[PDB]
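Shown here is one chain on its own, the form deposited in one PDB entry, set out as structure tokens.
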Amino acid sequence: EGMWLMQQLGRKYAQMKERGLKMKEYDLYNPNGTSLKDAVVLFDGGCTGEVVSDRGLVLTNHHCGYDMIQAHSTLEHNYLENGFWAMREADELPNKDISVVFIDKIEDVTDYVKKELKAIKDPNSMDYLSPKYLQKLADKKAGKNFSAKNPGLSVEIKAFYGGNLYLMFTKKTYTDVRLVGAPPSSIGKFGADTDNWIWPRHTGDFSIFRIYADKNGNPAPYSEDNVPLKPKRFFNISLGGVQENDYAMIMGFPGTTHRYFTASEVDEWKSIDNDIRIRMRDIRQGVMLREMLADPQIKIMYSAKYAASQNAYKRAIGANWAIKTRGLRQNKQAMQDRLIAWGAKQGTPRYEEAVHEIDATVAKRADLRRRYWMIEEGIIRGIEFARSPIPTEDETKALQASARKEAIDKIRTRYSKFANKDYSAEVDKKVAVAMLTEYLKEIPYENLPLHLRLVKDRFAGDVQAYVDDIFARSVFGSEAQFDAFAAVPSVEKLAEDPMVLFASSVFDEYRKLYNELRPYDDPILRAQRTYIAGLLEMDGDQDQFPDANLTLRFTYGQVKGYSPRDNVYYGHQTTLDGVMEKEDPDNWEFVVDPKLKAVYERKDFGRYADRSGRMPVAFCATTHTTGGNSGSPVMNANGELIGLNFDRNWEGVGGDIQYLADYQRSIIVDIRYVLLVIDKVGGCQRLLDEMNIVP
């Protein structure tokens, strides 16, 4: 049920031991020594990774290393489709803009931060959550020139439990992290977007990197003279596999949770955030799908845009299913009622006052928040010509020196990025007509972006005519129309351009709504500091975990399937047989790598198959994970690596608000399948030889 601070390991250790944990507490996390925690990294700012050899080899997901695999891919060597296996360390590919962060030390600095905060004065100050203010406190504690005296190291203070606990992290960052290995995309992304959030899952979602450093193992940017890092700790790889009910644990960097939402915040999340995103994306996706099915060229141009829209659409459907069926609102209501009754017993009304301030703020911002989600989902992300070019102040104060041609070259560049090889004005007009029809039905005239008032005023309510007119008369409506403008440019033409006026008007409204909504966050934040303080004082910092905030956490559970619906059971483990059942050669998402298909046919599973001769692929566990946990090491009762977390089932996406023991599962790629792919598909024996594989 939780994403626990490393400091809470002492308090959780006895429960973990009763659940099957065999390793000593300080071998997992030691606050003043080397522990397994030292083999976990924050990979490229938003993923987790793990060190698996004494030469700095790192495992993470294929979707985590995707950008690096794509940046090194060419027509001649397409690593994204074919995979990549550096047969020697010198062949591993450097990556620009990459980092791996180690959590060297963690300290509780609550008393220090709370004493510093006493000098504020303004009771409503938000400095207690300000990265800038907390960095000034972190620098003060670390020392004037800490990073110079301890190179590669940096300090950071973060707030936890709504500002009731503060931790200082000493981080070691390495920026020379080289691509070592990756399976083909047919393995790394087998389900592709069709199996996203799905269990059972058959995806070999892994990629391999290596941390390089200077001669002393100290962080250093890319240099041909850099040498592989010899880390203080790395994971041993287990080949013992998993069985149903086995203890499993994860360490990683979960990004965000909303475990302390009031019942009113759950209602708002459902009725505004989720329902608007669901309704608007269903409209957008429906038009896009119609057009992609009718024209093979439209399918090529819009596949990625369609897939990008579907991901959070599916998340919102899953979250709304939890709200409707798992009593999330009711359980938050019971949590707050229990605190209110306990506060009334103690004579302290501040907790009830805090819940009331949150409810009142949620109620006051409802119409504004509805207008914001409506324009964001409906227009900002719904309509491509909303992101068409808007002449900057430097460009208009140049068209009316003769750098008129410089302004036109900059506007032309932006027009070519908007109307690129994947942009269809006809598809965009159809999407806009459906999205604007919905938007105009929901937003009244007095709340419309100024240009949209022309639908009623000038076009007699004809949305199609309004959209047709935008493209017919706009300098960005076609290449010929842009070129005619670029030959005789005038600021007058840009000032009256229907597409420019539309884009400007919708961005003006979007920014105005954002600016008006931003002040409502602060009273909720301040009231949450009092709310969570009461919850902790009443029930303890035992079963109530601090919200995720991109910091190192541990979670434990068991390898266990679940029943998704009446009379259906999904087991704890998928096999290579399941990959073969899903094979569809004329569907790019479900193509099977020929070398992998041959391994399955010959049963060339070596030491990686289970006791029954079946080749495992993935497993699921009752660990509590969220976005940020992609690539996290999954450990045995002995702390040996048994898999990598890569996804979570849609049924458990409501778990960011309320953990769902009977539905929520972490989706993990079995380490035996990772090794089978490195070995039989990649043929990269040197990677197997450098790992410490335990029988």
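One-based numbering along the sequence shown. We call the rigid core the largest set of C-alpha positions that still match within 1.5 Å between the two forms.
Absent from the display: the form deposited in another entry. The rest refers to it.
- Residue showing a CA shift of 2 Å or more between this form and the one not shown (rigid core superposed; candidates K96, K132, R511, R602): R511.
- The Cα position of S424 differs by 2 Å or more between this form and the one not shown after fitting on the rigid core.
- With the core held fixed, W269 shows a CA shift of 2 Å or greater between this form and the one not shown.
- After superposition on the rigid core, the Cα atom of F209 is displaced by less than 2 Å between this form and the one not shown.
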